[PDB]
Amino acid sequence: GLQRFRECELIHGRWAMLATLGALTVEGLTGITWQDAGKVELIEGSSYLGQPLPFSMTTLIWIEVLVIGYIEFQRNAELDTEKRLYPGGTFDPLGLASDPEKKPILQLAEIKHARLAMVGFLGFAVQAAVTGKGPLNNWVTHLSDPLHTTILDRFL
């Protein structure tokens, strides 16, 4: 459908925004890449910024399935098509998007950032399969030497 696509788009976009930022922050602070994060979290303890966290891989997913499930449902429990995209309310404490004249601008920025992130995460992904290294690394690598770190060195 259509309206549904407007949801699909913004939703994936909001995830893609947190993800990308997330992938970079973890590599920049713990040295662990986003692709390995799963394995090292499973093999070594559950942790965040080095510190250890009790939860096992098991009680870990139970909590996820139950907690994201519950919320994904509550969200789906509303067909006011215009809130299925801009729920507002508790989701807008500061009330930045309260004023109707500002709304369109803010929504334009949000959709651009969201489309941008998705694109970038797509990159993040392909860049992992191809280089076996993290995004933050490829980036500081291409910067250290712009000419000899392109994707042409692969074929050449």
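Note that residue numbering follows the sequence shown and begins at 1.
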Mean Cα B-factor comparison, 5-13 or 144-152, giving the higher one as deposited: 144-152
Average Cα temperature factor in the PDB entry - higher stretch of 17-25, 130-138: 130-138
One of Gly88, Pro104, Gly45, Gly38 has the largest Cα B-factor in the entry, namely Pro104
Among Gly69, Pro93, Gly31, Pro100, the highest C-alpha B-factor in the PDB entry belongs to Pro100
